[PDB]
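Notes follow the structure.
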Amino acid sequence: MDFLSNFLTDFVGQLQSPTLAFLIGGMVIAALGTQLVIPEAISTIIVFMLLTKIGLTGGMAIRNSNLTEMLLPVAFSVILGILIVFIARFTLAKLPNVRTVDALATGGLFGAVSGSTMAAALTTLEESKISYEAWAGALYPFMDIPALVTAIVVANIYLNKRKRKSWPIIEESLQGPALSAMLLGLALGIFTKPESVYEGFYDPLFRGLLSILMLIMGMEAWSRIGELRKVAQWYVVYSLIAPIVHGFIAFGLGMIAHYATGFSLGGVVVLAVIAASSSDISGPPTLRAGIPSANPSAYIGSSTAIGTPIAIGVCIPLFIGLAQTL
Amino acid sequence: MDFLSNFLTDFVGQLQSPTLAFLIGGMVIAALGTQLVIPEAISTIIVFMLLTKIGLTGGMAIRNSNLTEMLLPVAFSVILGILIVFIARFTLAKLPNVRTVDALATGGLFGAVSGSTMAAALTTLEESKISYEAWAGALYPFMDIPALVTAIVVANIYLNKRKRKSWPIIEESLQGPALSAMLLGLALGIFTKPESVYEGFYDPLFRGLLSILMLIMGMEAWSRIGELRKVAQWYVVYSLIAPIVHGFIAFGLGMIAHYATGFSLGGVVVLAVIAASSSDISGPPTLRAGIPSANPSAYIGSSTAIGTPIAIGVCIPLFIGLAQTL
Amino acid sequence: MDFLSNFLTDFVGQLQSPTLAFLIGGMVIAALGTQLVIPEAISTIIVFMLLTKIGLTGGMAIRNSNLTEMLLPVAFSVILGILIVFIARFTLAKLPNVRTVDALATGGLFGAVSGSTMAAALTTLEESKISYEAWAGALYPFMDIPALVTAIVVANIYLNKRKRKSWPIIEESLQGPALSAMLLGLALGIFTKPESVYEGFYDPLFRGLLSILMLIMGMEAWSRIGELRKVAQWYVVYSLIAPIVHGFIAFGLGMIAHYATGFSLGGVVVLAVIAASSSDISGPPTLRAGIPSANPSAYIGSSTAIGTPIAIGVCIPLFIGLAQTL
């Protein structure tokens, strides 16, 4: 039981961690020139082979675990996935002039991430004291598959009832790169035994390859946050606040499992930081071929530029301190 | 001494191994769409740097071993390499209408592989009980270099004595990518001491990079097995049977070294699965620039689609059970 | 205390080491054809992510070390960096017809390397007996940053006072690829704590990725040493001698820190082989956009073809024997 004095010394040392240090280490070079560029072939084998580590981890956790205890955490994740896009359909919409709903339901892409909460939460979760379950990454496909289709279906059915009337929807999204690269991980995690290729090639160079992909995402965010000044003054305010308010409606909704079906308080924090995350890798390859009328800076510049630096900044050392309070 | 009841429980658990699980895990996504694609630059640094692990392994095994015991296994491998293409020149040729000999001697490309028998046999050989020698991968350059030139020389001299007359042959094949990438491994394995770069970069990420290359080979095999319906009904029958019959003429011919030398009975099985393999990586970069009039689906669709799934399916758990019978 | 008899048995076994063995293993295949080629996307993610290991190593060595003992080795490195280009402005210039000074001050690019002296000296330094300090790679940014700008500024101010008059200079060089990839390593080595991504992804596959990059550099050196016959007969003589004479003016100038500072005698040798090195990776991306009138074979063919094979050939086993004499 320790105050906000313990918070500030965590935030300095968690900004100093090697995942976010390259992100703000890529912004600071892009403000200085830097003709450095990683080619497009490397940045599409880092998008694969880093969404296969998450599929294999979630797939291996379903074999060696009972399917009794993993009902309440996944029914509080599907419901927690669908709820986020409807809140943003009521929160961010009823606003001044930037209320282009198809560029606003996609701004509620806030599903789950790879860059944090699988390598940021889990490496500071068991760094200090507290332990968690085996199915950390098994809550990644849930709240990512349902949280993106409801962005598509809502923003597609809203367009037909206004401009035209003045399975094939989910099929083009799920059949695509960086989302069939994850379902290949689950089917080979549930059915087969890849314990010699996961631990040895996909698992040791996972934390390292994330730092290359948070260098691309850092220095392609310097111009895109400057181009965001053209769009609005309200996507900034939604970006600083909604990664906070999506945690507390998940932290209390995750506080039902504790007083019902296990789900250790050390696991609730690995459910509440997942829901405040703003997808980066599974996100923009979808929601662009699914929703073409997109304005592709409102939902990317609010997730990779302001979204995840606050999602690793002021809410993972927050909910560790909330977990240490109990 | 245990019956076919022990065979079926091996085949289920050997189809569940992480090498063939991605192959039939790449077919099953390609039947479902999957805009996923690994770019051409990555799939030509996986072809190199996986034929350098085999060159370094065969090259290191020749230094720390006597050149007395490695004469009968390599004279029963060169002879076993040249014999396969002549059998197919007599077996598959005297047939109905698909007997285009230049698309048939290349269908006898059945040399040695990387994808199995170096990572499929050797990881199930010493998985259970039985031990083998040090020169497992030193039988890879033999029965691969002579088994491809005799595909070229026979199908080139047959064309000149029929259409035109109605060293420079082997030089264009051996001087090419994915075959000079292997001789670079041998010359740096015999002469130099790369024990700090092999074990540390080429050896730990060998089993992992094979699973990316058996994902390309899996989802480029869905259309190519459907295009094979245009060609014939006889390249299928040669594909299901010749990886069985090339083993027993190698298992008994390897049974002359166990009763005269000592490459041991656990080594004979790592000679008989090598000869029933249907090359995948050294194969099609050769036999295309060497033999242009090729019809490049008859010899690739019979080796990477039907050839190697039977070569890991029903003949590596077979000859382990034959070895456990003795 | 042991004679030149111990030298020859080192040179045979140090030519047999896996760094230079691929270099002369890439020349010997390029004299034989070899359609093998590593694509341009791979050879620009090996140039990055191998100049980030050197930035992180130098950056981590400045945190956990006092800034008292690292003044005399870096003031004997900046001065040793600027002196080399002025010697070559007086040695190589006053010559017959090939004295094109802008193709001659760049021929004095002899700063520091990655391919040797970080993986060639340091892996034979602590191989036998002798120990060195912690800041081996922290002498890489020094004598590389000042040694290239003085190649640019001298050869730019010489052109203006002869053809035209018959910060923005260093800015275009330092703001570029393969040199901002190193300053990203230092700023993330001094300020942050990347001890979980360095040791695990950048450090284990450093020695291996150097052998791919000394395979490109080996087989792109066969034609370029033949094209060097067109240029001169004097860039050869400067290439065989100046990696020897730059060591002894550094070995005695490093012998002032052994009798006035803590810089040990085992560290002097890791200062004197650094100054006889002829840059390969940070070199030619600079000095080409900085100095366009370059004749880009005089300064590359003298550094990657004759420069570094003598810089690993006859001067790292030399100065180990000089260090073992004392």
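Following the order of the structure tokens, chains are lettered A, B, ..., residues in each are numbered from 1, and ligands are numbered from 1.
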
Spatial neighbours of residue 105 (chain A), max dist 12 Å, only C-alpha atoms, sep filter under 5 positions, as a ChimeraX atom specification: /A:82,84-93,99-100,110,147-159,235,287,291,293-295,298-299

Neighbours of chain A in chain C at 9 Å, counting only C-alpha atoms, as a ChimeraX atom specification: /C:41-42,44-45,48-49,174-181,184,187-188,191-198,200-202

Distance query region 70-74 of chain C at most 8 Å, only C-alpha atoms, self and fewer than 5 positions along chain excluded, as a PyMOL selection string: chain C and resi 139+142+254+257+261+263

Those selected residues, please, written with N, CA, C and O atoms and delivered as an mmCIF file, in the first residue's frame.
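part10.cif written:
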```cif
data_model
loop_
_atom_site.group_PDB
_atom_site.id
_atom_site.type_symbol
_atom_site.label_atom_id
_atom_site.label_comp_id
_atom_site.auth_asym_id
_atom_site.auth_seq_id
_atom_site.Cartn_x
_atom_site.Cartn_y
_atom_site.Cartn_z
ATOM 1 N N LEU C 139 35.375 3.018 -28.381
ATOM 2 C CA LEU C 139 36.314 3.708 -29.244
ATOM 3 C C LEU C 139 35.972 3.539 -30.709
ATOM 4 O O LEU C 139 36.796 3.863 -31.566
ATOM 5 N N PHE C 142 34.132 7.486 -31.833
ATOM 6 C CA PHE C 142 35.340 8.278 -31.953
ATOM 7 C C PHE C 142 36.276 7.567 -32.916
ATOM 8 O O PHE C 142 36.247 6.340 -33.024
ATOM 9 N N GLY C 254 49.781 5.035 -28.142
ATOM 10 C CA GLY C 254 49.040 4.390 -27.082
ATOM 11 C C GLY C 254 49.885 3.936 -25.919
ATOM 12 O O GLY C 254 49.342 3.468 -24.916
ATOM 13 N N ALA C 257 49.461 6.069 -22.416
ATOM 14 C CA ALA C 257 48.312 5.824 -21.512
ATOM 15 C C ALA C 257 48.644 4.683 -20.544
ATOM 16 O O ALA C 257 47.955 4.564 -19.512
ATOM 17 N N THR C 261 47.906 6.530 -17.342
ATOM 18 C CA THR C 261 46.465 6.245 -17.098
ATOM 19 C C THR C 261 46.276 4.765 -16.748
ATOM 20 O O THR C 261 47.291 4.059 -16.589
ATOM 21 N N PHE C 263 44.516 2.709 -18.735
ATOM 22 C CA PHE C 263 44.439 1.987 -20.032
ATOM 23 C C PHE C 263 45.549 0.932 -20.059
ATOM 24 O O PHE C 263 46.724 1.300 -20.238
#
```

Which of region 166-245 of chain C DSSP labels alpha helix (DSSP H), written as a ChimeraX atom specification: /C:168-174,180-190,207-219,222-231,235-245

Coordinates-based distance that separates CA of residue 69 (chain B) from CA of residue 146 (chain B) (Å, one decimal):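 Separating CA of residue 146 (chain B) from CA of residue 69 (chain B) is a distance of 20.9 Å.
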
Length of the CA of residue 242 (chain A) to CA of residue 135 (chain A) vector [Å]: 25.6 Å
